[PDB]
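Only one chain is included here, represented as structure tokens and corresponding to the form deposited in one PDB entry.
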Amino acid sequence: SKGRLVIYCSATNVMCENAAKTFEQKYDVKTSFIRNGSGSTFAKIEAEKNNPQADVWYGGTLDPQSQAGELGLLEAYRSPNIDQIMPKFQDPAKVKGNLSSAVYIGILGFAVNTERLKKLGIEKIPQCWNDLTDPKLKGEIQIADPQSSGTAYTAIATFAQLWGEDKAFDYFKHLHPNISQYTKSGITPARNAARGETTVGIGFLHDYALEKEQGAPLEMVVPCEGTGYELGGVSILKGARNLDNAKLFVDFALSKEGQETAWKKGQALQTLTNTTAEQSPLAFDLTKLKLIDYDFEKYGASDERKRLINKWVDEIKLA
């Protein structure tokens, strides 16, 4: 066993486990992970900043990792594999120097349980963000909570960029009566839509694509007004105990093999950032989508992330 590695993972358990096992088997490193939301994981790393408990932060959305970079929580390391990453996303965070790197892309949207829709007596599948404010969807939608979930923050930032911040919060307020719960995890609305516990889930479409691929009666929607996206992040923690192995993990996560195994074995259907990697047949093609130019440098920062989340809690979660 060539050393150890502790991962804070913010992707799904199945993806994290497959990455940790594939790394351990490829490189003989004793690898373990702890899984938590992108926002939850940031708070934990910030809290542990004097005596870091993990070596790398893998998966989840980029914005909290960018914020961690800004706050001095990360250790800069540019993997030679960055040369293979889509040039647009080679060094995308607020603070340059690859404190954080982009390992995948996820499209924000929603999906609809077409069988439950029918039971609600609704015949039209919603096609726009605006449709989700219709009163007939009372208690029939779920979205995550940005206090824990990177997905929820990606949505907030997407809406602020689309409509302007004030209209974004107006949207949250009109959406609110249709939300049955603000979920801790970004993926929970996908799971509950798949279950038919809810009719509409808002989140990253590859999660819905996997439920669909496994039989769920879901129709995925890229909303007609346009939408944003996540970059999945990988970052080394400042003070990492196993630095060398952390660098090796970053290499692997940015590698053709490390990215392909996410969809080949890890049941994770994000679009890959390594231009030499084979994409899943179910991965979204960004060139075909109505996407805003999501400003990672701007929203992966405290003056947006802490401000908007605290504002979201004040005006939406409370009143």
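We number the residues from 1 along the sequence you see.
Unshown form deposited in another entry; subsequent notes refer to it.
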property	result
Rigid-body membership between the shown form and the other one: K138 with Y182	yes
Relative Cα spacing, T61 and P177, in the other entry - shift of 3 Å or more	farther
In the other entry, whether the C-alpha atoms of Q279 and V221 sit closer or farther than here (change of 3 Å or more)	closer
